[PDB]
Every structure is written in structure tokens, then in C-alpha cells.
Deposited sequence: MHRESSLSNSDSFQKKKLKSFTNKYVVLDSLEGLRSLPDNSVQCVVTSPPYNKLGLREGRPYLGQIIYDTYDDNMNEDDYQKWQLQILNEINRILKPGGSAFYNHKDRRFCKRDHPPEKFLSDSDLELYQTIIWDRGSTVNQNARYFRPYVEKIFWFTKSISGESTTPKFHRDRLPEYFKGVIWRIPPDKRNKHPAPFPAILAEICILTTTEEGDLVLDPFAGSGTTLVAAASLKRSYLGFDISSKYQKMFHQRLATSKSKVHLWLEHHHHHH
């Protein structure tokens, strides 16, 4: 009967930005219901790693077999591997430049995008992945994408980054989830690509921004 409740929530949540605690929203989705997750998480250090492990394990349950979860982390690999999710590849997001010019280290203009896939009974898989759909510029493990400087959210990623993840791992109609939706970049990208979307966030402020961002965007696809 929790199956029936989760399925009911899935239909009620489809193509919605839902103001809700991230873990609570994930716990209300059915097993094997989500084809693609694109998200960048927010924020005790041991408590935080415990919380993120609960997030990743719930993502593993709700991912379809062969689904993908792209997790943009702002030693992360140590705790990220303790998860039911199987780390498939680490993508390098090259932002081009950084305001941090502190010369104690090399200029840190790189963020990681961890590409996870679903593990069934502790066994591996190959994710649904269509690299041919991308321009040559984005077929490599480094994506050169300048930050979305016009976005009013304090910390988003650009739409084209979401589009790459979604277009290669989904068909039209498939459900794309972002459990930390923020300004809704993942949801707009899914909608522009004729995928279904679902966002969780705790900001009613960000939900309204998405609803207004959704109205004024003309479904433009930044890719191609």
C-alpha cells in the first residue's frame, strides 16, 4: 500500500516543482521510477556525509535500471563510494575562470560531476547513454561551460549542463528529477527537451522563481 501511495504521489508530482524536504520527497517516489537525476547538493561534516549517503541510497532505489544520476559536488570520493549507487565516471566541468586567484594553488576553475548508475543486488550495469546526440564539443570527459552569470540564484549550474545529462540518458517523456531544484535549471532543461520533470526544494521563493522562469523562457534548447 506504500507502493500505491508512492505511485499516486508520482502522478501528482509529475511536471511539478514540489516544496518539500529532499529526503522526504525521495522517500515518496516508487522504486524504479526515475530515468535521470541532475542535481547539485547544498550546504557537522560527518552528519553531512551521512545525510548525503541517505540521499544517494534513495536515488539508487528510485532510479530505473540503467538510469543515471549526475551529482555536481561543489575527499568527496571517499564517502561517495560508500553508497548503493555505482560511480560510473567522473566528468570534469571546466568553468573557464575563477575569481579566486590565490596563488597558493593552481587556479581552481574545475568542478566535478559524478555520474552514478543504479546497482541491483550489488551488481553493476551499463547506463542508457547516447553520446551521438551531443555535438563533438561535449563528447569528452571535460565540458568547457562558462557559469550562468545572469542567474539570480546564489549557486546554480547552467542549463546546457543539464541538457547534456538529460539528452544522453533519456527519451522524450522520461522523468527527470532534481531533489535540490533551486532556480529549476534542471526542470526547465527537461521541459525544453520534452522530458517530464520533478523538483524538490524547501524554498517557496525558489519555487516561485521557477514558475516565473518557466513562463518567460520560450523552451529554448541551448544545446546544438
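No C-alpha positions are given in the record for the deposited-sequence stretches 1 to 8, 52 to 75, 107 to 115, 266 to 273.
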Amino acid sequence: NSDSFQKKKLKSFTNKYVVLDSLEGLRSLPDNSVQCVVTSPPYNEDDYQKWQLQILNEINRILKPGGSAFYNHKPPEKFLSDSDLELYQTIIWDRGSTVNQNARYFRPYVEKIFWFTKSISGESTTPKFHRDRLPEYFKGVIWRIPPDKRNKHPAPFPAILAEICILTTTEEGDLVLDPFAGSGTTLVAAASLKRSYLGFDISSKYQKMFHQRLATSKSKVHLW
From here on, numbers count along this sequence of modelled residues.
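A summary of the deposited B-factors shows that, of 191 to 199 and 47 to 55, the stretch with the larger mean C-alpha value is 47 to 55.
Higher mean CA temperature factor, per the PDB entry, when comparing 212 to 220 with 6 to 14: 212 to 220. Each of 78, 144, 104, 118 has a CA temperature factor in the record; the biggest one is found at 78.
The entry lists C-alpha B-factors for 128, 95, 153, 73, and the highest of these is at 153.
Among all modelled residues in this chain, the alpha-carbon of residue 86 has a temperature factor (C-alpha) in the middle third.
Residue-level temperature factors show residue 168 in the lowest third of its chain, judged at the C-alpha atom. Per-chain ranking of the deposited C-alpha B factor places residue 183 in the middle third. In this PDB entry, the Cα temperature factor of residue 60 sits in the middle third of its chain's modelled residues.
Among the modelled residues of its chain, residue 32 has a C-alpha B-factor that falls in the middle third according to the deposited record.
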